[PDB]
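This report concerns only the one structure given below.
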Amino acid sequence: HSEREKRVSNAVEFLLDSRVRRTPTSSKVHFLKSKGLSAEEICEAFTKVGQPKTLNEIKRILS
Ligand SMILES: COc1ccc(CN2CCc3c(c(C(=O)NCc4cccc5ccccc45)nn3CCN)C2)c2ccccc12
Ligand SMILES: [Cl-]
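The authors' numbering puts the first residue of the sequence shown at 4, with every later residue one more than the last.
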C-alpha cells in the first residue's frame with residue numbers, strides 16, 4: 004500500500020468507530036488533517052464509509 008492508501012485506510016477505520024460516529028464532522032475533519040490527510044483524502048474517506056461530505060464542506064471546515 005502507498006502512504007496515501009495507508010492514510011485513507013486509517014481514516015476509514017477511525018470514522019467507523021461507534022464513538023467517533025457520534026463526534027461532529029468538524030472535529031473529525033480537523034483530526035484527520037492533523038494526521039496528514041489532504042482535504043481530498045478526507046473527502047474520500049468519508050465517502051468510503053458511506054458518510055459522504057462535499058469537498059466544499061471539508062474545505063469550509065479547514066479554512
Ligand atoms: C476527533 O475525535 C476523536 C479522535 C480520536 C479518538 C480516539 N481513537 C478512536 C478510535 C480510533 C482512533 C484511531 C486512530 O487514531 N487511528 C490512527 C489514524 C487515524 C486516521 C488517520 C491516520 C493517518 C495516519 C496514521 C494514523 C491515522 N483509530 N481508531 C479506530 C480503532 N482503531 C482514535 C476519538 C475517540 C472517540 C471520539 C472521538 C475521537
Ligand atoms: Cl471547528
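Backbone N, C-alpha and C define an ideal beta-carbon position, used for all residues, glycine too.
Three-way DSSP call (helix, strand, coil) for residue i in this model
i	result
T28	helix
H4	coil
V52	coil
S66	coil
Reference residue i, options the options, closest by Cα
i	options	result
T28	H4, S5, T50	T50
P55	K36, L65, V15, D20	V15
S37	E60, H4, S5, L65	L65
Residue i - containing alpha helix (DSSP H), residue span
i	result
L40	Note, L40: premise wrong, no alpha helix (DSSP H); not H, not E.
Residues near residue i by beta carbon distance below 7 Å, same chain, minus five either side
i	result
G39	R10
6 Å Cβ shell around residue i - same chain, five flanking residues per side excluded
i	result
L35	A14, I45
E47	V11
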